[PDB]
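Virtual Cβ from ideal backbone geometry, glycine too; neighbours counted across all protein chains shown. Just so it is clear, none of the values below were taken in a lab; they were calculated from the coordinates.
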Amino acid sequence: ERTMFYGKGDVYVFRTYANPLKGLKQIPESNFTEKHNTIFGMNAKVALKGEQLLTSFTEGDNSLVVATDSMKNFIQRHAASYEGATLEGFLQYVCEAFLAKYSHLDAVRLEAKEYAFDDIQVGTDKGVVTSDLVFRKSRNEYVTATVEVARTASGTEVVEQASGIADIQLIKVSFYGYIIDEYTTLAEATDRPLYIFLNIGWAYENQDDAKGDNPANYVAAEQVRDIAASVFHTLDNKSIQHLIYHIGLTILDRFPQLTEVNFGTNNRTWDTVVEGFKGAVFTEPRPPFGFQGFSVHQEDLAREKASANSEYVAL
Amino acid sequence: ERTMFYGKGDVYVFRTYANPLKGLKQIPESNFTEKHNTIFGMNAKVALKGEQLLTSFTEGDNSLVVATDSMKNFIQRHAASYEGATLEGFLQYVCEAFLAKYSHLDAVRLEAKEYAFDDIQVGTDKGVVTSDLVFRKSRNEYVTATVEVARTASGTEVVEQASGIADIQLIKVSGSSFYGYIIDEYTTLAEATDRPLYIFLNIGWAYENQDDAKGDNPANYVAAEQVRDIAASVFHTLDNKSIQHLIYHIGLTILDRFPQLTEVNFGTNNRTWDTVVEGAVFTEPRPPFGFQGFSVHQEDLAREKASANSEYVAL
Amino acid sequence: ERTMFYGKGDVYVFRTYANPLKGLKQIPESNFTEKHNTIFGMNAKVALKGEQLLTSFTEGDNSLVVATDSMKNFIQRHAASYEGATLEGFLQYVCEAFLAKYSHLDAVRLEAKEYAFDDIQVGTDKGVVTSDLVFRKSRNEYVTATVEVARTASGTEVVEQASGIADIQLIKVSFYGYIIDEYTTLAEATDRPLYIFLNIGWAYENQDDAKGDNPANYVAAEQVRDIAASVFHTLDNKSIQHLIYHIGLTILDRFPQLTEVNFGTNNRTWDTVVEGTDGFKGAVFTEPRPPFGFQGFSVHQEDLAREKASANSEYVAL
Amino acid sequence: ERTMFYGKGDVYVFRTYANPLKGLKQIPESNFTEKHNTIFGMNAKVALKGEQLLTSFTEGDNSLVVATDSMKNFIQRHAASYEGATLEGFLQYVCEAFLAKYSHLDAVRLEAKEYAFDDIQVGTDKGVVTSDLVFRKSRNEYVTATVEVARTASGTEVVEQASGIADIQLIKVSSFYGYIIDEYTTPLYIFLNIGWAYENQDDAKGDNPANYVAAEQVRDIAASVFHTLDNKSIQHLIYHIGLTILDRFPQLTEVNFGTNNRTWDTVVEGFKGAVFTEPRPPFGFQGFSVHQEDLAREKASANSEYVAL
């Protein structure tokens, strides 16, 4: 069962004026209901797979090798012909196109990181308004997706689909009961603002929903980001663990078409230098960071809603 | 003169609930008139100078050495006692405090890079509103400042003061030109009446009256956010003929809005996108970047306003 | 099948004067036979797992929660007590120790990236020699390892063991036959020096070999790096694909106790600006646009056996 | 007196088989006496200056603008024609060539960061030897240089020349006391950037390699002094590194330093059985220059503790 694949990474693709994403589900946690797609940009990574690639390694035979530069061209050209509005839709489109073109391949995997842009405010004769010409390149959180399509008995299918928002970094300016033993740090505890990094991902029950053909069924990463921020703001969390459980429940509650929500976190909380948070001064800690990995599923939500003592609440 | 200084860098200092910056000058290019300072954070770098530091190098004599760790403590404790609202004000406060404490120092230099946070929107029972609890760590543009103070016979004086906004990254999809340049055997670049323009801007300014940067009269304090908004507004409105042309007009506009400034300076970078599918689809270019250094002064603005040939316009 | 773990990352741990690794297998591709371990340093990442952690998430109950800071202390203290000489040995030692201490855990995973130091040459009254005092922090290739241990009904077992060398970046200052279609770039090809990034990993048939208790059976990442460089130097490769197959075969040949070698590559080859006047003499190159070729591949002992049984094999070793 | 320049950065330029640098001065701190230049690569950054560039900013008039893309082409082509062996020589050559081509320029500034490669050992039928074909891209310390050339009534002159080695990171597995104690008071690992200046700037061109100071030699001096000296601080250490460099290379007028203190925190006290970890981010730093006058004074002073191999 050998590992075998090859492809091209850092395939930057910037499509201008892609079809707008409109008609997303209205939720209390967010005002985000459309994504204009004036810039539809990403960093794409494609990998090709198939048993027929073996001799390209074992014999240096390039006869069945699609050149990696050609894969780059293929992706960039398909960005021009794509008529949809979502990252997942674009990746599925491209995967399927590779398989239609190259019969000797059996699977194609696309991973993408959004090359994100913010709308900005500019002063005009009409007052201060949102620019339709100039955008800020954002180095903050960005949308992610992965689609892998493989051949099936009848054609092809998505065998892996991931959607997410990466690099959310939030601090709240307003934890006890752990195991205590010989490994516990012998120093007094101080209160600091909880500072967290979150990567949040989700999975669809019907993967076609990720294509955005019916945007009422598409989950925009920006909505998930807004849910996470809203829950962080409102909940009196007992821990990051407890917080992400409630963020996940809320996402599943707003989007019943999702089967699960997953998290990867960092705790990045500052160290106290001067105790206050009025008048307080903090600084960066030593490098070690706490982290959590956790998935929440519809079964968890159904259990909470059926429970007599659940603490789960939603707007 | 010998080079000689020492200090502490990466002195992260995060003060919570500093005095709010309020009452900034209203300008057409911006709606930014206050900075709440719920988090007032920065990465500071301090350097001490003085002829009396020589033997710490030449003889390893630490007698007159303030430990760099002690400098860190000094800065962090002063972050708690500072009652002002601006980066420049804090830096000058600390410089003067070091000089008051340590008579053997001739000069103290503080540099700072803002540790920036964005306000975010959260869903509540009252609808979607700005959170006063949760903030996003921004990896986008950030405020900068430098203050160096030297001892004098009568007391102390500011020998350098700098203010800026760093790492503005903006794209303008279309409208910018680059043609008319030298065509010789080294020229392979095709002239363009319309090419995508991606700019990186660092903008700085100097005050005629340095105490203005302290923010004690905020009507005379120039917030970096206002400068950023002017830059974006000019980028939006001007049909630029190069980044050189663009930054001249940005500089003029800043000087126009803030007559109390003597100069605006630019350290800027430029990178077009390569076209891969003509309309469009673009991709990242090879590494080389254009760059520019330029300063604009009130004399330039006066010249432009009085000239029958000027193309300078302002809201 | 829920995802559920928590831990501490960027646990930098720098042990001085760990037991030296001595007595490695001599091979033609390498002079590396000992690693003195004057500095035995790494960036460690620990994850704790167990069904009993569930209510820490679902109820905010910290009762069975080992504090992440405590995990950091645990690792750092075990770095002082570890008597072995290998990264894999240390990671397994720590995993097992966590499980012995905390009965409510089902599994513990440790990952580590070496915090690498080079020996350097210094002038002294005896001439230019290797310093035993001063070392360069290296930002080049570095050793990697992962060990995950889980509880069983009758003790514990290793459920994952990984060993590797990361971030080898090599150029050779010395490819055709691809599919050609409408997606082919319509430009003439030029010859450039092949420039590759390699991450190489391996697995042991007998996992205890990784502990280094018999160093003759321990595969040092530095030896693997030296094999890779040597094969790159000698082989007339037909592609990166072809190259890594042969690097893998050679590693398997030298170390029969390995079951597989795996690769992750980048093609980082430059673009031509000025064609050389003769070979690469007088040539000038520059960095390409960002897109990079990559390959993922594993080579197994069965591959080596096939090559040795084949009349048409091109495989050769020193 | 406004600021005004423009140019191109991240101009990666990789020349293969440049003229080897051979015949460097033998010194006790180093075995480095030649640099083969099989790869002669750098990241170059060029800036052009000239009063006649004003209207390119003020009027958007590109008539006298050399496109930054063209500057890139200019540098890369001159890498093919350069026949010397040093970074400084290449930069001066390019600066002079820009000024010869474009009369309306007043000054040209080139900065470069070496794109460094290490020689490596490979096993062959002749045993383990240094490869002549395969090299490792080094992410460790690298050579730097800056040359800026401006016009004179009779031709051109160098108005700035800099040479250095950047990002040396060294730990010593083997003091700091006596500092001020007041209310603010509560395994040495150093980062070094070292630069130097020549009395006769033409020595940087390498036409007489006995007078060329290779950054690798300076690196070897720094390491050797770090190894041998019992330092009382990083400040004290860099003074002695600087004195030593000036001693070996009398043709240098000065050596300058930019440092970091990156020393670890102790977690388990030993250094047998000792365990350390990374500290919080704040780092000490120093800036300092040492001059030939300092060395002459040390070499005549009974108070001096300076020693060299």
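Odds and ends about this structure:
- Stokes-Einstein D in µm²/s, Kirkwood radius over Cα pairs - segment C:20-97 at 10 °C with 1.306 mPa s viscosity: 103 µm²/s
- From helices alone, the protein assembly as shown scores -7000 deg cm²/dmol at 222 nm; the rule is -39500 (n - 2.57) for each run of n ≥ 4 DSSP H residues, then divide by the residue total.
- Average partner coverage of C:111-122, which counts Cβ from other chains inside 10 Å: 3
- Per-residue packing, averaged as other Cβ atoms within 10 Å, sorts the ranges B:273-279, A:187-193 into the order B:273-279, A:187-193, beginning with the highest.
- Pairs of Cα atoms farther than 64 Å apart, the protein assembly as shown, %: 7 percent
- Per residue of peptide A:124-136, the mean number of Cβ atoms on other chains within 10 Å of the residue Cβ is 5.
- Residue by residue, segment B:228-233 carries 3J(HN,Hα) couplings of 4, 5, 5, 4, 5, 5 Hz when phi is fed to the Karplus relation 6.51 cos²θ - 1.76 cosθ + 1.60 (θ = phi - 60°); x denotes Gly or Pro.
- Database remark: amide H of B:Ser242 closer than 5 angstrom to the amide H of B:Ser177 (H placed geometrically; neighbours at sequence offset of 5 or more, or on other chains; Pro and chain starts carry no H).
- The three principal axes of the C-alpha atoms in segment D:248-297 carry coordinate ranges of 47, 25, 16 Å, sorted with the longest axis first.
- Residues of type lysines that D:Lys25 reaches as a straight line, Cα spacing below 28 Å, ignoring anything fewer than 8 places off in the same chain: C:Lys126, C:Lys137, C:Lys281, D:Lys35, D:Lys113, D:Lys137, D:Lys172, D:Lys205, D:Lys299
- Under 18 Å from B:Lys305, Cα to Cα: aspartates and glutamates that are on another chain or at least 8 residues apart: B:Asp256, B:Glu263, D:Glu59
- For C:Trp270, the residues whose modelled amide H falls within less than 5 Å of its own, excluding neighbours fewer than 5 places apart on the same chain, are C:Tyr195.
- Candidate cross-link partners of C:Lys211 among the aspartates and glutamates, defined by an alpha-carbon separation under 12 Å and a same-chain spacing of 8 or more, comprise C:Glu83, C:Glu88.
- With a 10 Å cut-off around each Cβ of B:61-69, the average count of Cβ atoms from other chains is 6.
- Label separation (C:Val159 vs A:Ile179): 1.7 nm, computed from points 7 Å beyond Cα along the C-beta direction.
- Calculated SAXS-style log₁₀ I(q)/I(0) at q = 0.15 Å⁻¹ - chain D, Debye, Cα scatterers: -1.24
- Two-decimal ratio, segment B:184-259, of alpha-carbon radius of gyration to 2.2 N^0.38 Å: 1.45
- Normalised by 2.2 N^0.38 Å, where N is the number of residues, the alpha-carbon radius of gyration of segment C:137-268 equals 1.31.
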